file entry_35.pdb (PDB, C-alpha atoms and all ligand atoms)
ATOM      1  CA  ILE A 319      79.974 122.227  97.311
ATOM      2  CA  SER A 320      79.559 119.443  99.929
ATOM      3  CA  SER A 321      81.489 119.748 103.264
ATOM      4  CA  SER A 322      81.751 115.969 103.838
ATOM      5  CA  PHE A 323      82.057 113.157 101.319
ATOM      6  CA  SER A 324      83.728 109.796 100.772
ATOM      7  CA  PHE A 325      86.686 108.954  98.522
ATOM      8  CA  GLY A 326      88.808 105.839  98.494
ATOM      9  CA  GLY A 327      87.220 104.490 101.670
ATOM     10  CA  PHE A 328      87.962 107.690 103.581
ATOM     11  CA  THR A 329      85.453 110.147 104.961
ATOM     12  CA  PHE A 330      86.673 113.638 104.055
ATOM     13  CA  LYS A 331      85.524 116.686 106.024
ATOM     14  CA  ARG A 332      86.501 120.191 104.982
ATOM     15  CA  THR A 333      87.666 121.983 108.116
ATOM     16  CA  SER A 334      88.937 125.211 106.525
ATOM     17  CA  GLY A 335      88.765 127.029 103.228
ATOM     18  CA  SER A 336      86.724 126.595 100.096
ATOM     19  CA  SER A 337      87.056 125.865  96.427
ATOM     20  CA  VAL A 338      85.357 126.477  93.121
ATOM     21  CA  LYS A 339      85.175 123.912  90.300
ATOM     22  CA  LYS A 340      86.558 124.512  86.822
ATOM     23  CA  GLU A 341      86.296 121.882  84.110
ATOM     24  CA  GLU A 342      89.674 121.270  82.452
ATOM     25  CA  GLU A 343      91.158 118.714  80.123
ATOM     26  CA  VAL A 344      94.462 117.169  81.267
ATOM     27  CA  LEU A 345      96.805 114.757  79.330
ATOM     28  CA  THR A 346      97.737 111.646  81.305
ATOM     29  CA  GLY A 347     101.117 109.905  81.324
ATOM     30  CA  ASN A 348      99.494 107.514  78.808
ATOM     31  CA  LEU A 349      98.702 110.370  76.444
ATOM     32  CA  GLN A 350      94.938 110.112  77.117
ATOM     33  CA  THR A 351      92.777 113.181  77.435
ATOM     34  CA  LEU A 352      90.848 113.318  80.652
ATOM     35  CA  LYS A 353      88.150 115.817  81.503
ATOM     36  CA  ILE A 354      88.269 116.642  85.146
ATOM     37  CA  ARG A 355      86.582 119.199  87.646
ATOM     38  CA  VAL A 356      89.659 120.973  88.989
ATOM     39  CA  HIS A 357      89.093 122.536  92.399
ATOM     40  CA  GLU A 358      90.594 125.987  92.822
ATOM     41  CA  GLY A 359      91.294 127.335  96.311
ATOM     42  CA  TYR A 360      93.023 126.733  99.624
ATOM     43  CA  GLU A 361      91.459 123.943 101.709
ATOM     44  CA  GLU A 362      92.061 121.800 104.739
ATOM     45  CA  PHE A 363      90.473 118.401 105.290
ATOM     46  CA  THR A 364      90.386 115.587 107.733
ATOM     47  CA  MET A 365      90.440 112.015 106.391
ATOM     48  CA  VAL A 366      89.078 109.154 108.502
ATOM     49  CA  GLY A 367      89.293 105.565 107.314
ATOM     50  CA  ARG A 368      88.991 102.215 109.010
ATOM     51  CA  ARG A 369      92.768 101.843 109.332
ATOM     52  CA  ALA A 370      94.227 105.344 108.981
ATOM     53  CA  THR A 371      93.561 108.967 109.909
ATOM     54  CA  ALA A 372      95.032 112.113 108.274
ATOM     55  CA  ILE A 373      95.024 115.855 107.967
ATOM     56  CA  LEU A 374      95.388 117.198 104.401
ATOM     57  CA  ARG A 375      96.158 120.781 103.389
ATOM     58  CA  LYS A 376      95.934 121.550  99.680
ATOM     59  CA  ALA A 377      95.667 124.306  97.127
ATOM     60  CA  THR A 378      94.829 124.320  93.403
ATOM     61  CA  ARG A 379      96.406 121.154  91.957
ATOM     62  CA  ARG A 380      98.857 121.203  94.826
ATOM     63  CA  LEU A 381      99.293 119.035  97.915
ATOM     64  CA  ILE A 382     100.555 121.247 100.741
ATOM     65  CA  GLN A 383     100.872 118.749 103.590
ATOM     66  CA  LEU A 384      99.550 115.326 104.546
ATOM     67  CA  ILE A 385     100.039 114.250 108.124
ATOM     68  CA  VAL A 386      98.948 110.615 108.335
ATOM     69  CA  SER A 387      98.651 107.967 111.064
ATOM     70  CA  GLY A 388      97.866 104.360 110.289
ATOM     71  CA  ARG A 389      97.806 100.831 111.560
ATOM     72  CA  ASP A 390     100.651  99.575 109.318
ATOM     73  CA  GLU A 391     102.604 100.362 106.147
ATOM     74  CA  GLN A 392      99.809  99.229 103.797
ATOM     75  CA  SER A 393      97.169 101.309 105.607
ATOM     76  CA  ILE A 394      99.393 104.393 105.481
ATOM     77  CA  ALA A 395     100.051 103.778 101.770
ATOM     78  CA  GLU A 396      96.314 103.640 101.093
ATOM     79  CA  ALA A 397      95.804 107.072 102.628
ATOM     80  CA  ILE A 398      98.779 108.567 100.759
ATOM     81  CA  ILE A 399      97.489 107.315  97.405
ATOM     82  CA  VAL A 400      94.042 108.784  98.030
ATOM     83  CA  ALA A 401      95.543 112.129  99.053
ATOM     84  CA  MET A 402      97.870 112.235  96.037
ATOM     85  CA  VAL A 403      95.003 111.553  93.631
ATOM     86  CA  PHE A 404      92.714 114.008  95.448
ATOM     87  CA  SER A 405      95.396 116.706  95.123
ATOM     88  CA  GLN A 406      94.948 116.671  91.331
ATOM     89  CA  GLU A 407      98.672 117.330  90.943
ATOM     90  CA  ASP A 408     100.159 117.147  87.463
ATOM     91  CA  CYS A 409     102.861 114.720  88.612
ATOM     92  CA  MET A 410     100.047 112.323  89.560
ATOM     93  CA  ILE A 411      98.310 112.771  86.206
ATOM     94  CA  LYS A 412     101.648 112.195  84.440
ATOM     95  CA  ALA A 413     102.313 109.048  86.493
ATOM     96  CA  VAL A 414      99.394 107.221  84.878
ATOM     97  CA  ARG A 415     100.559 104.177  82.910
ATOM     98  CA  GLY A 416      97.344 102.737  81.615
ATOM     99  CA  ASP A 417      94.392 103.694  79.525
ATOM    100  CA  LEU A 418      91.499 104.613  81.797
ATOM    101  CA  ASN A 419      87.920 103.423  81.301
ATOM    102  CA  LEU A 424      82.503 106.724  85.004
ATOM    103  CA  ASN A 425      83.982 109.547  87.107
ATOM    104  CA  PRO A 426      87.579 110.404  86.034
ATOM    105  CA  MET A 427      88.802 110.937  89.584
ATOM    106  CA  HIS A 428      87.566 107.460  90.459
ATOM    107  CA  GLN A 429      89.399 105.981  87.495
ATOM    108  CA  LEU A 430      92.617 107.698  88.471
ATOM    109  CA  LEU A 431      92.250 106.397  92.011
ATOM    110  CA  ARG A 432      91.553 102.824  90.916
ATOM    111  CA  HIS A 433      94.569 102.914  88.604
ATOM    112  CA  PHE A 434      96.957 103.925  91.370
ATOM    113  CA  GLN A 435      95.394 101.609  93.944
ATOM    114  CA  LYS A 436      96.320  98.755  91.623
ATOM    115  CA  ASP A 437     100.058  99.787  91.663
ATOM    116  CA  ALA A 438     101.430 103.059  93.061
ATOM    117  CA  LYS A 439     105.129 102.567  92.277
ATOM    118  CA  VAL A 440     105.325 105.120  89.437
ATOM    119  CA  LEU A 441     103.131 107.552  91.391
ATOM    120  CA  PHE A 442     105.412 107.369  94.430
ATOM    121  CA  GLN A 443     108.687 107.564  92.484
ATOM    122  CA  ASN A 444     107.578 110.519  90.423
ATOM    123  CA  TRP A 445     105.992 112.471  93.253
ATOM    124  CA  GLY A 446     109.276 113.714  94.693
ATOM    125  CA  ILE A 447     111.059 113.635  98.025
ATOM    126  CA  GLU A 448     112.500 116.281 100.323
ATOM    127  CA  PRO A 449     114.883 116.439 103.235
ATOM    128  CA  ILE A 450     113.194 116.688 106.617
ATOM    129  CA  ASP A 451     114.089 117.952 110.054
ATOM    130  CA  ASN A 452     113.751 115.834 113.158
ATOM    131  CA  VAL A 453     110.372 116.957 114.534
ATOM    132  CA  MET A 454     108.946 115.304 117.639
ATOM    133  CA  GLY A 455     105.798 113.288 116.824
ATOM    134  CA  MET A 456     106.563 112.810 113.107
ATOM    135  CA  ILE A 457     108.752 110.712 110.791
ATOM    136  CA  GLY A 458     109.365 110.560 107.030
ATOM    137  CA  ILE A 459     108.185 107.919 104.590
ATOM    138  CA  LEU A 460     110.064 106.882 101.477
ATOM    139  CA  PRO A 461     108.624 105.972  98.063
ATOM    140  CA  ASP A 462     108.795 102.277  99.039
ATOM    141  CA  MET A 463     106.552 103.064 102.096
ATOM    142  CA  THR A 464     109.297 102.459 104.676
ATOM    143  CA  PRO A 465     110.338 105.034 107.302
ATOM    144  CA  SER A 466     113.148 107.567 107.228
ATOM    145  CA  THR A 467     114.305 110.132 109.720
ATOM    146  CA  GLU A 468     116.132 112.184 107.085
ATOM    147  CA  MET A 469     113.852 112.406 103.996
ATOM    148  CA  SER A 470     110.245 111.894 102.979
ATOM    149  CA  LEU A 471     107.820 111.987 100.120
ATOM    150  CA  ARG A 472     107.222 115.635  99.375
ATOM    151  CA  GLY A 473     104.620 117.145 101.712
ATOM    152  CA  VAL A 474     104.032 113.818 103.544
ATOM    153  CA  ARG A 475     104.768 113.055 107.171
ATOM    154  CA  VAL A 476     103.763 110.123 109.307
ATOM    155  CA  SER A 477     102.440 110.795 112.879
ATOM    156  CA  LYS A 478     104.320 108.677 115.404
TER     157      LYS A 478
HETATM  158  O1  LIG B 501      84.412 115.428  91.906
HETATM  159  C1  LIG B 501      83.770 114.457  92.257
HETATM  160  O2  LIG B 501      82.948 113.851  91.409
HETATM  161  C2  LIG B 501      83.855 113.863  93.647
HETATM  162  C3  LIG B 501      84.597 112.507  93.585
HETATM  163  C4  LIG B 501      84.388 111.767  94.921
HETATM  164  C5  LIG B 501      84.810 112.677  96.084
HETATM  165  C6  LIG B 501      85.533 113.916  95.539
HETATM  166  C7  LIG B 501      86.678 113.477  94.608
HETATM  167  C8  LIG B 501      86.095 112.765  93.373
HETATM  168  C9  LIG B 501      84.567 114.775  94.687
HETATM  169  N1  LIG B 501      83.570 115.426  95.535
HETATM  170  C10 LIG B 501      83.857 116.553  96.238
HETATM  171  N2  LIG B 501      85.046 117.136  96.105
HETATM  172  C11 LIG B 501      85.281 118.262  96.792
HETATM  173  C12 LIG B 501      86.619 118.833  96.639
HETATM  174  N3  LIG B 501      87.033 119.894  97.328
HETATM  175  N4  LIG B 501      88.335 120.143  96.987
HETATM  176  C13 LIG B 501      88.738 119.221  96.082
HETATM  177  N5  LIG B 501      89.940 119.147  95.529
HETATM  178  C14 LIG B 501      90.127 118.152  94.685
HETATM  179  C15 LIG B 501      89.122 117.257  94.326
HETATM  180  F1  LIG B 501      89.429 116.287  93.456
HETATM  181  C16 LIG B 501      87.863 117.303  94.885
HETATM  182  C17 LIG B 501      87.683 118.338  95.804
HETATM  183  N6  LIG B 501      84.409 118.855  97.633
HETATM  184  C18 LIG B 501      83.222 118.269  97.793
HETATM  185  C19 LIG B 501      82.911 117.125  97.094
HETATM  186  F2  LIG B 501      81.723 116.545  97.261
END

call {"tool": "encode", "arguments": {"input": "entry_35.pdb", "output": "C-alpha cells"}}
result
Amino acid sequence: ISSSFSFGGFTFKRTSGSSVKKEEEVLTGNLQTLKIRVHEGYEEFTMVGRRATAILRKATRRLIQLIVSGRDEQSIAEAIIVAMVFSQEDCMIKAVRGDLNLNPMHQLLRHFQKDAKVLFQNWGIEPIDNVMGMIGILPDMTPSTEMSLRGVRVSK
C-alpha cells in the first residue's frame, strides 16, 4: 500500500501504522449498496493542502483525531470533509442523501463536497477542555471553546 497519495486536493502521507484492505459492501443513507475497500488498522497521516494542514489519526472505520489548521472557515471545512470521508465511518456512509454515480470513495467525497450539512450534523459533537493551542468547531463551521465536532480540533 502506497505511503503518499492525494485525496480531495490534499497530499496524504502515512507517518505511523499500516492497514490492510478488505472489500465490503455498505448501505448508504440513500439505501444504495456501495462496494468499498475498507482499510483495517491503526494509522496516522499528515494532510497538506493549498489552504489547510492537518494531522489525522484513524483506526478501522473510525476517526480518532483530526487536528486542523486553515486559512479560513471554508478551508478548514474542506479538510474536515475529506478526513470524515477518508475515515470510512458508518455515520458518514449513513449521511449520504443522494444516489451515487468510478471509485466509490471519490463519489462519496464529491457528494459531501457539494453539501456537508447532513454529514456534519450526524457526525456528533463532544464537550472539550480548554487546551492551549486548540479550539473547537461546531457543525456550522464556527468556533467554540466548549464543544466540538467529535474528534476534531482546530489549531490556533
Ligand atoms: O482506495 C482508493 O482507491 C484510494 C482513493 C484515493 C486516495 C485513497 C482514498 C480513496 C485511496 N488510496 C490509498 N488509501 C490508503 C489508505 N490507508 N488507510 C486508509 N483508510 C481509509 C481509506 F479510505 C484509504 C486508506 N493508503 C494508500 C492509498 F494509496

call {"tool": "resolve_selection", "arguments": {"input": "entry_35.pdb", "expression": "the PyMOL selection byres (((chain A and resi 411) around 10) and not hetatm)", "output": "VMD selection string"}}
result
chain A and resid 344 to 348 352 402 to 403 406 to 410 412 to 415 430 441

call {"tool": "residues_near_ligand", "arguments": {"input": "entry_35.pdb", "ligand": "ligand LIG 501 (chain B)", "cutoff": "6 Å", "atoms": "only C-alpha atoms and all ligand atoms", "output": "NGL selection string"}}
result
:A and (319-321 or 323-325 or 337 or 357 or 404-406 or 427)

call {"tool": "axis_aligned_box", "arguments": {"input": "entry_35.pdb", "around": "range 338-357 of chain A", "padding_each_side": "5 Å", "output": "JSON"}}
result
{"center_x": 93.1, "center_y": 117.0, "center_z": 84.8, "size_x": 25.9, "size_y": 29.0, "size_z": 26.7}

call {"tool": "closest_residue", "arguments": {"input": "entry_35.pdb", "among": "A:327, A:388, A:335, A:458", "to": "residue 474 in chain A", "atoms": "only C-alpha atoms"}}
result
A:458

call {"tool": "residues_around", "arguments": {"input": "entry_35.pdb", "residues": "residue 432 in chain A", "least_positions_apart": "4", "cutoff": "12 Å", "atoms": "all atoms listed in the file", "output": "PyMOL selection string"}}
result
chain A and resi 325-327+396+399-400+403+414+416-419+424-428+436-438
